[PDB]
Number of protein chains: 2
Amino acid sequence: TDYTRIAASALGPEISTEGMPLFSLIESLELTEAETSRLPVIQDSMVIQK
Amino acid sequence: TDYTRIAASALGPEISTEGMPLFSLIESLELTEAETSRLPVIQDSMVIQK
């Protein structure tokens, strides 16, 4: 039942950020500046369904 | 060959900010609020050509 999650703010719904944080991908995958800008977009698509 | 540059982040391309930084214009021009807002926009328009 337990899991980590970004608390609900006033500007966005629930955010998962469960495991393998998306920040560590830049170092280990060596993305260009084009792929880097896409990380925040896919960050906000991790919504929890009930 | 050498020149100053804002490092290419994950959400934006190379930014020049070569000389005479834009924030120094506030003191030496006394711009109003309708022109201080434009400064970030023209800051992001200094893309390096290759």
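Every number in this text was worked out from the coordinates using simple rules, so none of it is lab data. Positions of Cβ are backbone-derived with ideal geometry, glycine not excepted, and every protein chain shown enters the neighbour counts.
Inter-chain Cβ neighbour count for A:34-40, averaged per residue, equals 3 (cutoff 10 Å, partner chain atoms only). Take the Cα of B:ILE6, go 7 Å toward its beta carbon, and the backbone nitrogen atoms of the range B:21-46 under 17 Å from that spot belong to B:21-26, B:36-46. Extending 7 Å from the Cα toward the beta-carbon at both A:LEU22 and B:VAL41 defines two label points whose distance is 2.8 nm.
Taking every alpha-carbon pair under 8 Å whose residues sit at least 6 apart, chain B reaches a relative contact order of 38 percent. Using all pairs of distinct alpha-carbon atoms, the Kirkwood hydrodynamic radius of chain A works out to 12.3 angstrom.
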